[PDB]
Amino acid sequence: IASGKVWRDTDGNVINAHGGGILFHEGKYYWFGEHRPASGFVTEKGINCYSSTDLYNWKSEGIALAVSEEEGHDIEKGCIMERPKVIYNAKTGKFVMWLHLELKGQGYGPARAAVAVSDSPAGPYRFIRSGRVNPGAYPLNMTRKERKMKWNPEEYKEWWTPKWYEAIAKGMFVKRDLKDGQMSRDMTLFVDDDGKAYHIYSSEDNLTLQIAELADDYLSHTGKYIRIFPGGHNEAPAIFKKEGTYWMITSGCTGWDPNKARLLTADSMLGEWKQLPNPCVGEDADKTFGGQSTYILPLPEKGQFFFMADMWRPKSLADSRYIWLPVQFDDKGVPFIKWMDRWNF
């Protein structure tokens, strides 16, 4: 595992799986990610999939979720498809893919999460629906008093004033988006011990993280959700659970530029969360080693976890590389990550 180098599949082609994540099923790891083009930023293809027995040799499984050729479809060619994650639904036996969708020709405005389904890990997946999250429902931890407040859009046009920040903290953008549902851009998924799944996403114009419970088949949301770190600008969330504790690594919001990772922790997924120091340590840790969090893969057979990131090259996004590093734990059980040029499982 040689972070930042050109990685190739078994045919010799550059692995094209960005913003991704990995699952294990029937003896194989399946890596899902954005198919990025050589020029431009929008996918020409959809969500790509690769498979491996060993986490070193990756076989191209082809496109798992394709862009549609039908005009007016939510996922017609030219839509934005980012940060795909796949989870297995044990009750129905289906593979469920969620992803950040922006409708074609609308930039990043729609701020939707989309959901697709497959009988097999590699696909093809069948698109079901897209939309903002939980129309009509308030966050669980947004208080009665906060829900009763009125925010005149004309008084709060200037971002980053003291009164605007306070307003964002007390849920001004939640109320703004209440009817049509909460915004979802950068996102991930987590399947808990009891089969409860959660959709974690940057919401409220990227200012605030939200964690939403998924329904029992993982195809919709239940209405139950919380919001955390309002105004915190936590992006590209990555999550894992260890010995009952939930840990989340995120980035800041500086477009393509690498920035300082944050470490967030809770004892309950929908309980209170708190922020801990940058979990990256050593030289370049202030820049997350030139990367941005995408996924934390548990290896539950070994009681270990590994941190996946993207080393984004905005000049040509197909040339973006992959940083994969062991998650280590200090004497208090707090995760940290150090660079290694080459390491083995």
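The numbering used is simple: start at 1 and walk along the sequence shown.
Visitor: If you take the mean CA temperature factor per stretch, which one wins between 69-77 and 127-135?
Guide: According to the entry, 69-77 carries the higher average C-alpha B-factor.
Visitor: On mean Cα temperature factor in this entry, is 222-230 or 101-109 the higher one?
Guide: Mean C-alpha B-factor is greater for 101-109.
Visitor: Using the temperature factors in the entry, find which of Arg185, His199, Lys85, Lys148 has the highest value at its Cα atom.
Guide: If I rank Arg185, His199, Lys85, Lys148 by C-alpha B-factor, first place goes to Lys148.
Visitor: Per the entry, which of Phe305, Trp312, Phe41, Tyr30 tops the list for Cα B factor?
Guide: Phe41 has the highest C-alpha B-factor of those listed.
Visitor: Sorting by Cα B-factor within the chain, modelled residues only, which third would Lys179 end up in: lowest, middle or highest?
Guide: As the PDB entry reports it, the C-alpha B-factor of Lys179 lands in the highest third of its chain.
Visitor: Rank-wise, by C-alpha B-factor, drop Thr10 into the lowest, middle or highest third of its chain.
Guide: Highest third - that is where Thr10 ends up once the chain's C-alpha B-factors are sorted.
Visitor: Using only modelled residues of the chain, where does the Cα B factor of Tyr295 rank: lowest third, middle third or highest third?
Guide: For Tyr295, whose C-alpha B-factor we compare with every modelled residue in the chain, the answer is the lowest third.
Visitor: Comparing against every modelled residue in the chain, figure out the third that the C-alpha B-factor of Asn48 lands in (lowest, middle or highest).
Guide: It belongs to the lowest third of the chain when residues are ordered by C-alpha B-factor.
Visitor: Where does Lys332 sit by CA temperature factor within its chain: lowest, middle or highest third?
Guide: Top third by C-alpha B-factor.
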